[PDB]
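Protein chains in written order, with the working numbering: chain A, 1 to 139; chain B, 140 to 303; chain C, 304 to 472; chain D, 473 to 595.
Cβ atoms here follow ideal geometry from the backbone N, Cα and C, with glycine treated the same way.
A quick write-up on the structure given underneath.
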Amino acid sequence: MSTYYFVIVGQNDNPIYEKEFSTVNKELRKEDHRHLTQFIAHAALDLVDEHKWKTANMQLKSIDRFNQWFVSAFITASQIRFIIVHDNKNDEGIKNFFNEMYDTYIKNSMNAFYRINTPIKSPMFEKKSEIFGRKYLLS
Amino acid sequence: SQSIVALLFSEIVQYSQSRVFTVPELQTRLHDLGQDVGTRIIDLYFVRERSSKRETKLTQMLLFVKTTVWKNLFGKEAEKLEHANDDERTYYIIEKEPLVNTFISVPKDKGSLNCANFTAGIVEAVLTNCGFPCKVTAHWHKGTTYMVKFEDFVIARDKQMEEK
Amino acid sequence: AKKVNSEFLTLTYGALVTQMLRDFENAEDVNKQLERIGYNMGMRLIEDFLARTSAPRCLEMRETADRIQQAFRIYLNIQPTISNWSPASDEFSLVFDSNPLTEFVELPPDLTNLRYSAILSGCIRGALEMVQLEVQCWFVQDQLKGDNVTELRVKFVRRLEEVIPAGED
Amino acid sequence: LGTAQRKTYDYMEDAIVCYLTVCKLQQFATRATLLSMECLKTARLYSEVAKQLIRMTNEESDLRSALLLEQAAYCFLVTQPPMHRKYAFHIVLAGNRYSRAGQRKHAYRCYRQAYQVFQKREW
Numbered sequence: 001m002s003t004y005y006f007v008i009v010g011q012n013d014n015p016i017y018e019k020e021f022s023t024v025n026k027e028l029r030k031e032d033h034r035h036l037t038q039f040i041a042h043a044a045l046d047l048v049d050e051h052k053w054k055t056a057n058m059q060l061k062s063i064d065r066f067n068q069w070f071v072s073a074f075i076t077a078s079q080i081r082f083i084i085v086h087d088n089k090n091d092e093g094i095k096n097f098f099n100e101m102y103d104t105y106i107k108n109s110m111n112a113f114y115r116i117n118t119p120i121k122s123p124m125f126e127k128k129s130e131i132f133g134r135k136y137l138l139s
Numbered sequence: 140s141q142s143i144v145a146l147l148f149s150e151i152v153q154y155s156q157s158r159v160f161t162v163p164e165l166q167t168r169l170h171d172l173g174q175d176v177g178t179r180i181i182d183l184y185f186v187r188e189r190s191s192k193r194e195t196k197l198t199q200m201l202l203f204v205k206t207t208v209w210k211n212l213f214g215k216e217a218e219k220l221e222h223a224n225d226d227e228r229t230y231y232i233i234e235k236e237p238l239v240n241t242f243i244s245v246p247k248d249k250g251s252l253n254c255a256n257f258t259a260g261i262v263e264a265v266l267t268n269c270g271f272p273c274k275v276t277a278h279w280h281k282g283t284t285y286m287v288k289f290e291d292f293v294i295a296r297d298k299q300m301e302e303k
Numbered sequence: 304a305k306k307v308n309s310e311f312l313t314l315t316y317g318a319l320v321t322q323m324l325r326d327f328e329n330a331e332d333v334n335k336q337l338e339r340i341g342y343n344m345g346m347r348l349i350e351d352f353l354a355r356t357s358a359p360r361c362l363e364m365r366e367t368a369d370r371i372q373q374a375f376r377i378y379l380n381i382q383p384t385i386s387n388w389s390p391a392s393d394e395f396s397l398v399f400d401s402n403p404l405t406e407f408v409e410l411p412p413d414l415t416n417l418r419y420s421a422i423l424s425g426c427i428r429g430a431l432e433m434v435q436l437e438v439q440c441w442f443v444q445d446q447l448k449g450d451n452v453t454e455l456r457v458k459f460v461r462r463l464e465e466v467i468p469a470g471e472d
Numbered sequence: 473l474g475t476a477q478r479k480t481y482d483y484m485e486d487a488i489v490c491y492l493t494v495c496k497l498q499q500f501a502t503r504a505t506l507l508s509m510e511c512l513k514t515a516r517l518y519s520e521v522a523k524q525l526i527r528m529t530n531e532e533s534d535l536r537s538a539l540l541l542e543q544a545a546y547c548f549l550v551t552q553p554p555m556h557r558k559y560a561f562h563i564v565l566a567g568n569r570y571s572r573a574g575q576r577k578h579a580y581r582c583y584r585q586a587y588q589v590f591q592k593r594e595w
């Protein structure tokens with residue numbers, strides 16, 4: 001199968017949120033995935049910042065490929081760093097998946113109570129993300 | 140209405156003028172409100188009205204974000220743009236229309252600065268969220284005018300990518 | 304023409320609400336504060352709605368009711384719908400499907416005791432008091448609380464403006 | 473001499489990492505990568521040394537693998553910001569690698585390095 005990992009990064013490099021869909025097993029190793037990739041999102045970011053200074057493309061499909069960890073970047077106008085990291089490729093899912101992530105993010109970013117670079121606990125957003133994952137990633 | 144927004148904004152200014160003691164911190168509070176506006180409008184208009192595609196380069200983003208923000212705020216782009224050689228950090232964005240005068244303005248004795256700073260606050264929000272930390276001053280020179288002090292790392296960064 | 308975008312007014316209202324939540328810790332205070340600012344709104348909203356149209360003063364309640372619904376459809380560009388009269392016809396209910404102020408904002412669950420769009424109730428109050436007319440208005444249902452659409456009450460307890468424009472003052 | 477030919481630099485990797493795919497002469501491959509790192513460090517491609525030190529880390533051993541990870545860490549960070557906290561993240565793994573066999577001095581100092589940029593980037 002494919003592994004599933006989403007991350008949300010504030011402008012101030014704050015990891016706002018992270019979402020998972022992989023078949024549940026060895027939860028300690030899934031947390032290892034989390035920090036592995038959250039700290040991979042570190043050089044990925046130190047890289048993708050100049051990459052975004054190069055191209056203002058819709059979405060930076062590939063930033064690094066660790067030969068088992070894959071870096072896909074959809075950076076926002078507010079520079080919100082977004083990365084999907086997976087052991088397997090699925091480009092068509094990920095492109096418009098980051099699209100729909102961005103969309104529901106706009107929806108839940110409008111609310112005045114949110115302030116820049118802040119974790120968002122809205123389980124409505126959780127189920128919106130889950131529906132997207134079942135649409136564009138999971139089967 | 141026009142006048143409902145003018146009224147709600149008069150209550151803005153008055154709430155500040157209440158729980159704020161002196162003018163410059165009142166302008167600071169206006170600037171905070173402006174940051175609040177920008178913080179979400181910029182992400183909105185990345186897609187719908189900005190060709191859905193990101194733009195990074197300085198002057199293009201300056202002018203185009205100027206225009207798109209003004210179209211979806213008042214539908215009136217800023218009348219001119221000056222970027223000053225004598226200080227490459229010093230750019231001026233100037234709009235003859237003050238957002239303030241929806242209600243025509245304040246006493247002309249106590250507060251030299253006005254909503255002009257609150258609009259400057261929205262400006263600062265969008266710039267710094269695009270990737271352009273900057274400080275903005277509102278001056279009553281040639282009507283409502285502004286001046287932007289970009290970020291040093293940013294100023295070096297684009298000064299370097301002046302070429303490809 | 305209104306010459307302005309609905310989202311910009313919504314953002315200014317959100318700026319107010321968030322700033323109140325910050326400056327003052329309690330929902331009750333921030334709500335009473337905003338109700339005061341809306342009271343002071345009404346003192347100019349009602350004179351404006353009169354400058355647009357010199358409506359008749361009052362022969363009956365529902366005349367004031369459709370006057371104010373006209374005004375609501377004026378500045379908010381949204382047609383309200385009066386309903387739910389008293390047996391005594393004195394008090395009615397007012398319906399807004401979606402307030403530019405109320406909408407584009409949902410509420411964090413901590414603020415349930417907050418009544419969000421109460422600025423409008425304040426608006427009605429001050430608007431009726433500068434017109435020397437004594438009424439009580441509170442949102443019996445609000446779009447945010449799970450109500451279908453924002454519902455108000457309009458309790459016109461008594462009168463302060465007489466038939467001759469001399470009045471009591 | 474000062475010519476620092478990028479041509480010979482790339483050929484050198486063609487006779488090091490690319491020769492590791494051809495024959496199993498990892499001894500001569502690691503010899504080449506060692507001096508290629510120093511000559512590419514004097515040049516400007518410090519990320520090049522780092523990338524082939526990561527391509528030597530997977531093989532190496534335990535103390536050796538951790539040593540190449542520590543070399544890759546500073547090399548990628550020296551050229552430009554790229555790897556400013558992932559270098560720290562991977563010397564935390566290289567830290568326990570040194571502890572298992574990695575030099576105790578190297579372990580503590582690379583751990584201290586990691587903690588320094590961790591505080592710099594707390595988030």
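Closest to residue i by CA distance: which of the options is it?
i: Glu437 (chain C); options: C:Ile427, C:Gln446, C:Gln444 and C:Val443; result: C:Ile427
i: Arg593 (chain D); options: A:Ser2, A:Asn14 and A:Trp53; result: A:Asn14
i: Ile84 (chain A); options: A:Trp53, A:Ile120, A:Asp64 and A:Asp103; result: A:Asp64
i: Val434 (chain C); options: C:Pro390, C:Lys458 and C:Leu353; result: C:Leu353
i: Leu512 (chain D); options: D:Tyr483, D:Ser533, D:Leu497 and D:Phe500; result: D:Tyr483
i: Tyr102 (chain A); options: B:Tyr184, B:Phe203, B:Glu301 and B:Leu147; result: B:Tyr184
i: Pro237 (chain B); options: B:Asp225, B:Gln199 and B:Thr258; result: B:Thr258
i: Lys298 (chain B); options: B:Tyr285, B:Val262, B:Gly260 and B:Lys196; result: B:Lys196
i: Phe66 (chain A); options: D:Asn568, D:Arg527, D:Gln591 and D:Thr480; result: D:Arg527
i: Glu542 (chain D); options: D:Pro553, D:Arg516, D:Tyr570 and D:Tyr481; result: D:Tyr570
i: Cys582 (chain D); options: D:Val564, D:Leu497 and D:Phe590; result: D:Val564
i: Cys273 (chain B); options: B:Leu201, B:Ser251 and B:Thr283; result: B:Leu201
i: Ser537 (chain D); options: D:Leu497, D:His562 and D:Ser519; result: D:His562
i: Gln444 (chain C); options: C:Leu417, C:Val466 and C:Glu331; result: C:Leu417
i: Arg187 (chain B); options: B:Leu172, B:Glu302, B:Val204 and B:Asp248; result: B:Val204
i: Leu517 (chain D); options: D:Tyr580, D:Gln591, D:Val589 and D:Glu485; result: D:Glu485
i: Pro468 (chain C); options: C:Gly449, C:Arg365, C:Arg360 and C:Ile377; result: C:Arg360
i: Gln174 (chain B); options: B:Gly214, B:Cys254, B:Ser244 and B:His280; result: B:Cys254
Just the C-alpha distance for residue i and residue j, rounded to the nearest angstrom, thanks.
i: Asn329 (chain C); j: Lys95 (chain A); result: 44 Å
i: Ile8 (chain A); j: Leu169 (chain B); result: 29 Å
i: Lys219 (chain B); j: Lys210 (chain B); result: 15 Å
i: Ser508 (chain D); j: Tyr285 (chain B); result: 54 Å
i: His222 (chain B); j: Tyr231 (chain B); result: 6 Å
i: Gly345 (chain C); j: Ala374 (chain C); result: 12 Å
i: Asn268 (chain B); j: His578 (chain D); result: 41 Å
i: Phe39 (chain A); j: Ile16 (chain A); result: 14 Å
i: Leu506 (chain D); j: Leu492 (chain D); result: 14 Å
i: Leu549 (chain D); j: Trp595 (chain D); result: 19 Å
i: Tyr136 (chain A); j: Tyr105 (chain A); result: 16 Å
i: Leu455 (chain C); j: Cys440 (chain C); result: 7 Å
i: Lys54 (chain A); j: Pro553 (chain D); result: 16 Å
i: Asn402 (chain C); j: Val452 (chain C); result: 9 Å
Assuming residue i and residue j make a contact with CB atoms under 8 Å, what is their CB distance in whole Å?
i: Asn308 (chain C); j: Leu212 (chain B); result: 6 Å
i: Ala544 (chain D); j: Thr529 (chain D); result: 7 Å
i: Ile381 (chain C); j: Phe399 (chain C); result: 6 Å
i: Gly574 (chain D); j: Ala586 (chain D); result: Contact flag wrong, Cβ pair sits at about 13 Å.
i: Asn88 (chain A); j: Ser2 (chain A); result: 4 Å
i: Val162 (chain B); j: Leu252 (chain B); result: 7 Å
i: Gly270 (chain B); j: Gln59 (chain A); result: About 17 Å separates the two Cβ atoms, so there is no contact after all.
i: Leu404 (chain C); j: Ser424 (chain C); result: Rounded, the Cβ-Cβ distance is 12 Å, inconsistent with contact.
Closer than 6 Å to a non-hydrogen atom of the ligand NAP - does that hold for the CB of residue i?
i: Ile340 (chain C); result: Although the ligand NAP was asked about, the structure shown includes no ligands whatsoever.
Q | Proximal residues, the segment 257–279 of chain B versus chain A, C-beta separation under 7 Å | A | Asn268, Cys269 and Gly270
Q.
To be precise: take each residue of the segment 61–91 of chain A, compare its Cβ to all Cβ atoms of chain B, and keep it if any distance is under 9 Å. Which residues remain?
A. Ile75, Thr76, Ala77, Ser78, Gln79 and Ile80
Q | Proximal residues, the segment 94–107 of chain A versus chain B, C-beta separation under 7 Å | A | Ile106
Q | Interface positions of the segment 166–180 of chain B facing chain C (Cβ-Cβ less than 9 Å), listed along the chain | A | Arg168, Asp171, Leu172, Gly173, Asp175, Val176, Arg179 and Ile180
Q) the segment 228–252 of chain B: which residues have C-beta closer than 7 Å to a C-beta of chain A, in chain order? A) none
Q. The segment 30–64 of chain A: which residues have C-beta closer than 9 Å to a C-beta of chain C, in chain order?
A. none
Q: Give a yes or no on contact between the segment 147–164 of chain B and the segment 47–60 of chain A, applying the rule of three or more CB pairs nearer than 8 Å.
A: no
Q | the segment 459–466 of chain C touching the segment 413–424 of chain C, judged by at least three CB pairs closer than 8 Å | A | no
Q | the segment 305–320 of chain C / the segment 286–294 of chain B touching (three or more Cβ pairs under 8 Å) | A | no
Q. Can you list, in chain order, the residues of the segment 106–127 of chain A whose Cβ is nearer than 7 Å to any Cβ on chain C?
A. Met110, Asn111, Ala112 and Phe113
Q | Where the segment 190–223 of chain B meets chain A: residues whose CB sits under 8 Å from a CB there | A | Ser191, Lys192, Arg193, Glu194, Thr195 and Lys196
**Q.** Positions along the segment 401–423 of chain C whose CB lies within less than 9 Å of some CB in chain A
**A.** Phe407, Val408, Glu409, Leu410, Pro411 and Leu414
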